[PDB]
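File shown: run.txt (compact mmCIF, C-alpha atoms and all ligand atoms).
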# COMPACT_ATOMS: atom_id res chain seq x y z
CA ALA A 1 16.16 -142.24 92.22
CA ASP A 2 17.80 -143.26 95.52
CA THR A 3 17.30 -140.29 97.83
CA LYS A 4 20.96 -140.42 98.91
CA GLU A 5 21.95 -139.36 95.40
CA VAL A 6 18.99 -137.04 94.73
CA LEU A 7 20.11 -135.15 97.80
CA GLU A 8 23.69 -135.48 96.58
CA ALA A 9 22.75 -134.09 93.18
CA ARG A 10 20.56 -131.26 94.43
CA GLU A 11 23.19 -130.13 96.93
CA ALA A 12 25.70 -129.89 94.08
CA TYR A 13 23.22 -127.90 92.01
CA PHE A 14 22.68 -125.29 94.73
CA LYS A 15 26.32 -125.01 95.84
CA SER A 16 26.97 -124.39 92.17
CA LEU A 17 24.31 -121.67 91.93
CA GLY A 18 25.29 -120.12 95.21
CA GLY A 19 28.89 -119.85 94.02
CA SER A 20 27.93 -118.31 90.68
CA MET A 21 25.67 -115.74 92.34
CA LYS A 22 28.44 -114.80 94.73
CA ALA A 23 30.94 -114.39 91.90
CA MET A 24 28.65 -112.41 89.56
CA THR A 25 27.79 -110.05 92.40
CA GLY A 26 31.41 -109.06 92.88
CA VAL A 27 31.80 -108.68 89.13
CA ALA A 28 28.73 -106.48 88.99
CA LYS A 29 30.37 -104.39 91.72
CA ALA A 30 33.40 -103.93 89.47
CA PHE A 31 32.24 -104.77 85.96
CA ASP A 32 34.71 -106.23 83.53
CA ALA A 33 33.19 -107.68 80.36
CA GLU A 34 35.63 -110.62 80.22
CA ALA A 35 35.08 -111.95 83.74
CA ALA A 36 31.30 -111.52 83.28
CA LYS A 37 31.43 -113.80 80.21
CA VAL A 38 33.49 -116.43 82.03
CA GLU A 39 30.91 -116.29 84.85
CA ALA A 40 28.11 -116.36 82.28
CA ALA A 41 29.71 -119.47 80.67
CA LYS A 42 29.62 -121.29 84.01
CA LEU A 43 26.03 -120.20 84.87
CA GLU A 44 24.86 -121.36 81.44
CA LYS A 45 26.24 -124.85 82.19
CA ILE A 46 24.49 -124.94 85.58
CA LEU A 47 21.09 -124.03 84.13
CA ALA A 48 21.23 -126.98 81.75
CA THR A 49 20.35 -129.10 84.78
CA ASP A 50 16.85 -130.49 85.11
CA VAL A 51 15.67 -129.87 88.66
CA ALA A 52 12.52 -131.91 88.00
CA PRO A 53 13.86 -135.31 89.06
CA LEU A 54 15.60 -133.51 91.97
CA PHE A 55 12.55 -133.20 94.21
CA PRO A 56 10.88 -136.62 94.26
CA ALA A 57 8.23 -136.96 96.96
CA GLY A 58 9.59 -137.99 100.31
CA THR A 59 12.75 -135.87 100.49
CA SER A 60 11.64 -132.98 102.69
CA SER A 61 13.27 -131.85 105.91
CA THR A 62 10.47 -133.71 107.68
CA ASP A 63 11.27 -136.98 105.88
CA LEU A 64 15.06 -136.61 106.12
CA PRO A 65 15.51 -134.39 109.22
CA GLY A 66 18.82 -132.53 109.07
CA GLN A 67 19.76 -133.91 105.65
CA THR A 68 17.84 -131.35 103.54
CA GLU A 69 16.07 -127.99 103.90
CA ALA A 70 13.46 -128.83 101.28
CA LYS A 71 10.08 -127.85 102.67
CA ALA A 72 7.43 -130.57 102.37
CA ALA A 73 5.25 -127.68 101.10
CA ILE A 74 6.97 -128.10 97.73
CA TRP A 75 5.02 -131.30 97.28
CA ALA A 76 1.70 -129.49 97.75
CA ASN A 77 2.69 -126.70 95.33
CA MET A 78 4.68 -128.43 92.57
CA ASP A 79 3.15 -126.17 89.89
CA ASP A 80 4.21 -123.00 91.68
CA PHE A 81 7.58 -124.56 92.47
CA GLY A 82 8.07 -125.30 88.76
CA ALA A 83 7.07 -121.76 87.80
CA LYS A 84 9.61 -120.26 90.24
CA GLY A 85 12.03 -122.76 88.80
CA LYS A 86 11.23 -121.52 85.26
CA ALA A 87 11.28 -117.89 86.35
CA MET A 88 14.86 -118.47 87.45
CA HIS A 89 15.93 -120.07 84.20
CA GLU A 90 14.68 -116.98 82.36
CA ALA A 91 16.34 -114.34 84.54
CA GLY A 92 19.59 -116.26 84.09
CA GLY A 93 19.28 -116.11 80.31
CA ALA A 94 18.95 -112.35 80.68
CA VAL A 95 22.12 -112.23 82.75
CA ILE A 96 24.02 -114.37 80.25
CA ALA A 97 22.87 -112.12 77.38
CA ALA A 98 23.88 -108.93 79.19
CA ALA A 99 27.30 -110.40 79.97
CA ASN A 100 27.78 -111.30 76.34
CA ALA A 101 26.57 -107.87 75.19
CA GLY A 102 29.28 -106.46 77.45
CA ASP A 103 26.64 -104.29 79.03
CA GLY A 104 27.69 -103.61 82.62
CA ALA A 105 24.46 -101.74 83.31
CA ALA A 106 22.19 -104.36 81.73
CA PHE A 107 24.13 -107.06 83.56
CA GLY A 108 23.69 -105.26 86.91
CA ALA A 109 19.97 -104.97 86.33
CA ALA A 110 19.56 -108.61 85.25
CA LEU A 111 21.50 -109.82 88.30
CA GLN A 112 18.97 -108.09 90.61
CA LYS A 113 16.11 -109.75 88.76
CA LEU A 114 17.88 -113.13 89.13
CA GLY A 115 18.56 -112.67 92.83
CA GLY A 116 14.88 -111.85 93.17
CA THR A 117 13.97 -115.29 91.83
CA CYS A 118 16.26 -117.12 94.29
CA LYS A 119 14.55 -115.33 97.18
CA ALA A 120 10.99 -115.92 95.83
CA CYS A 121 11.38 -119.67 95.92
CA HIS A 122 13.47 -119.85 99.07
CA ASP A 123 10.88 -117.67 100.76
CA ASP A 124 8.15 -120.28 100.34
CA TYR A 125 10.09 -123.55 100.09
CA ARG A 126 13.44 -123.67 101.91
CA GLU A 127 13.67 -123.88 105.74
CA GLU A 128 15.62 -121.31 107.75
CA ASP A 129 16.12 -123.82 110.56
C1 LIG A 201 19.15 -118.10 92.49
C2 LIG A 201 20.20 -118.08 91.37
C3 LIG A 201 19.38 -119.18 93.56
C4 LIG A 201 20.47 -119.35 94.32
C5 LIG A 201 21.62 -118.38 94.33
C6 LIG A 201 20.22 -120.44 95.25
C7 LIG A 201 21.05 -120.81 96.24
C8 LIG A 201 20.80 -121.85 97.13
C9 LIG A 201 21.71 -122.25 98.14
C10 LIG A 201 23.18 -121.85 98.18
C11 LIG A 201 21.09 -123.19 98.90
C12 LIG A 201 21.82 -124.00 99.89
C13 LIG A 201 21.23 -124.31 101.24
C14 LIG A 201 21.55 -123.26 102.29
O1 LIG A 201 20.62 -122.54 102.71
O2 LIG A 201 22.73 -123.16 102.70
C15 LIG A 201 19.83 -123.44 98.28
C16 LIG A 201 18.93 -124.46 98.59
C17 LIG A 201 17.62 -124.59 98.07
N1 LIG A 201 17.07 -123.75 97.11
FE1 LIG A 201 18.07 -122.38 96.15
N2 LIG A 201 18.99 -120.99 95.07
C18 LIG A 201 18.47 -120.26 94.01
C19 LIG A 201 17.22 -120.41 93.49
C20 LIG A 201 16.26 -121.27 93.96
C21 LIG A 201 15.03 -121.51 93.23
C22 LIG A 201 14.59 -120.93 91.91
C23 LIG A 201 14.37 -122.47 93.91
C24 LIG A 201 12.89 -122.96 93.83
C25 LIG A 201 12.30 -123.14 92.44
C26 LIG A 201 15.27 -122.87 95.00
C27 LIG A 201 14.88 -123.76 95.98
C28 LIG A 201 15.74 -124.18 96.97
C29 LIG A 201 15.44 -125.29 97.82
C30 LIG A 201 14.08 -125.99 97.95
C31 LIG A 201 16.63 -125.55 98.48
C32 LIG A 201 16.90 -126.62 99.53
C33 LIG A 201 17.46 -127.90 98.93
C34 LIG A 201 17.98 -128.85 99.99
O3 LIG A 201 18.36 -128.38 101.09
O4 LIG A 201 18.02 -130.08 99.71
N3 LIG A 201 16.45 -122.15 95.01
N4 LIG A 201 19.63 -122.57 97.22
In structure tokens, write the structure found in this file.
Ligand code: HEM
Amino acid sequence: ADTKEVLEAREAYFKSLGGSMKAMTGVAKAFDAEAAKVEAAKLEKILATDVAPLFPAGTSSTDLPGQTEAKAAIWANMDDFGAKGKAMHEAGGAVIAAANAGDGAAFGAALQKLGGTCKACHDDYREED
């Protein structure tokens, strides 16, 4: 839809993820089954979001200089972008499951896998500066 809101929506999605990752990382440092489930409840909500309508063509850093970090490359690799998007949704399910199993070791392992997916996509599609 109107870029102004697509940007608005996608910024909220990532600030949300970023926050969750930061919180789960501290929890993994000092595992507590209860706080992991509260964090897992929040992450589950976030992943219900469809990122598909979030990257309509014409919203890259080259189209909206300084308003987004979305690399125009996304629009030449939408299939790979979707895959990295799906890969993330799956690692997160693993994290949620581990939290709910109360498995501090499983949860720590799943978190690494998840962080790996953030980096994989950012690596090819987000701009440093
Ligand atoms: C993994 C759970 C994951 C996290 C964590 C995450 C964080 C994140 C932040 C906080 C930003 C903010 C911008 C900044 O650099 O300050 C950001 C932005 C983008 N991301 Fe991301 N992100 C995670 C995962 C992924 C995945 C799976 C993808 C690609 C399929 C992805 C892509 C991007 C893109 C593109 C942006 C830029 C969006 C914009 O600036 O408008 N991220 N992410």
For this session: Would you mind listing what lies within 12 Å of residue 122 of chain A as a ChimeraX atom specification, with all atoms listed in the file counted and same-chain residues fewer than 3 positions away left out?
Result: /A:14,69-71,73-74,81,84-85,88,115-119,125-128
For this session: Tell me which of A:114, A:43, A:108, A:52 sits closest to residue 82 of chain A, counting only C-alpha atoms.
Result: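 The shortest atom-to-atom distance to residue 82 of chain A comes from A:52.
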Take every atom of ligand LIG 201 (chain A) listed in the file, fit an axis-aligned box around them, add 6 Å per side, and give the centre and edge lengths in Å to one decimal as AutoDock Vina command-line options.
--center_x 17.7 --center_y -124.1 --center_z 97.0 --size_x 22.9 --size_y 24.0 --size_z 23.3
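Here the question is which of A:54, A:113, A:100, A:18 gets nearest to residue 38 of chain A using only C-alpha atoms, and that residue is A:100.
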For this session: Quick one: pull the distance between atom CA of residue 87 of chain A and atom CA of residue 48 of chain A, Å, one decimal.
Result: 14.2 Å
List as a compact mmCIF listing (two decimals) with C-alpha atoms, keeping the file's coordinate frame the protein and nucleic acid residues near segment 66-68 of chain A, meaning an atom at most 8 Å away when all atoms listed in the file are counted, but skip any in the same chain fewer than 6 places from it.
# COMPACT_ATOMS: atom_id res chain seq x y z
CA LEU A 7 20.11 -135.15 97.80
CA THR A 59 12.75 -135.87 100.49
CA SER A 60 11.64 -132.98 102.69
Missing atoms in segment 81-101 of chain A should be modelled up to N, CA and C atoms and reported as a compact mmCIF listing (two decimals), in the frame of the given file.
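Ended up saving to selection_7.txt:
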# COMPACT_ATOMS: atom_id res chain seq x y z
N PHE A 81 6.17 -124.26 92.30
CA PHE A 81 7.58 -124.56 92.47
C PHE A 81 8.22 -124.61 91.08
N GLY A 82 7.55 -125.24 90.12
CA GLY A 82 8.07 -125.30 88.76
C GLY A 82 8.18 -123.92 88.12
N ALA A 83 7.14 -123.12 88.31
CA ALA A 83 7.07 -121.76 87.80
C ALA A 83 8.24 -120.92 88.32
N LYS A 84 8.51 -121.00 89.62
CA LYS A 84 9.61 -120.26 90.24
C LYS A 84 10.92 -120.83 89.74
N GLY A 85 10.87 -122.11 89.39
CA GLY A 85 12.03 -122.76 88.80
C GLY A 85 12.21 -122.23 87.38
N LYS A 86 11.13 -122.04 86.63
CA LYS A 86 11.23 -121.52 85.26
C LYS A 86 11.61 -120.04 85.27
N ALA A 87 11.01 -119.30 86.20
CA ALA A 87 11.28 -117.89 86.35
C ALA A 87 12.78 -117.67 86.55
N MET A 88 13.44 -118.61 87.21
CA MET A 88 14.86 -118.47 87.45
C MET A 88 15.63 -118.73 86.16
N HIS A 89 15.23 -119.76 85.43
CA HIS A 89 15.93 -120.07 84.20
C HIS A 89 15.89 -118.91 83.21
N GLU A 90 14.83 -118.12 83.26
CA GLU A 90 14.68 -116.98 82.36
C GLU A 90 15.52 -115.78 82.77
N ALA A 91 15.54 -115.46 84.06
CA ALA A 91 16.34 -114.34 84.54
C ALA A 91 17.82 -114.63 84.23
N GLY A 92 18.22 -115.89 84.36
CA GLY A 92 19.59 -116.26 84.09
C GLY A 92 19.96 -116.07 82.63
N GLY A 93 19.01 -116.31 81.72
CA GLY A 93 19.28 -116.11 80.31
C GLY A 93 19.54 -114.63 80.09
N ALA A 94 18.80 -113.79 80.80
CA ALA A 94 18.95 -112.35 80.68
C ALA A 94 20.33 -111.91 81.13
N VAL A 95 20.81 -112.53 82.21
CA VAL A 95 22.12 -112.23 82.75
C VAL A 95 23.22 -112.64 81.78
N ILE A 96 23.05 -113.82 81.18
CA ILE A 96 24.02 -114.37 80.25
C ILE A 96 24.13 -113.45 79.03
N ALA A 97 22.97 -113.00 78.55
CA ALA A 97 22.87 -112.12 77.38
C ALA A 97 23.56 -110.79 77.63
N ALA A 98 23.29 -110.21 78.80
CA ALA A 98 23.88 -108.93 79.19
C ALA A 98 25.40 -109.02 79.32
N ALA A 99 25.87 -110.16 79.81
CA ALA A 99 27.30 -110.40 79.97
C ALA A 99 27.94 -110.43 78.61
N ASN A 100 27.29 -111.15 77.70
CA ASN A 100 27.78 -111.30 76.34
C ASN A 100 27.64 -110.06 75.47
N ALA A 101 26.75 -109.15 75.88
CA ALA A 101 26.57 -107.87 75.19
C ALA A 101 27.63 -106.91 75.74
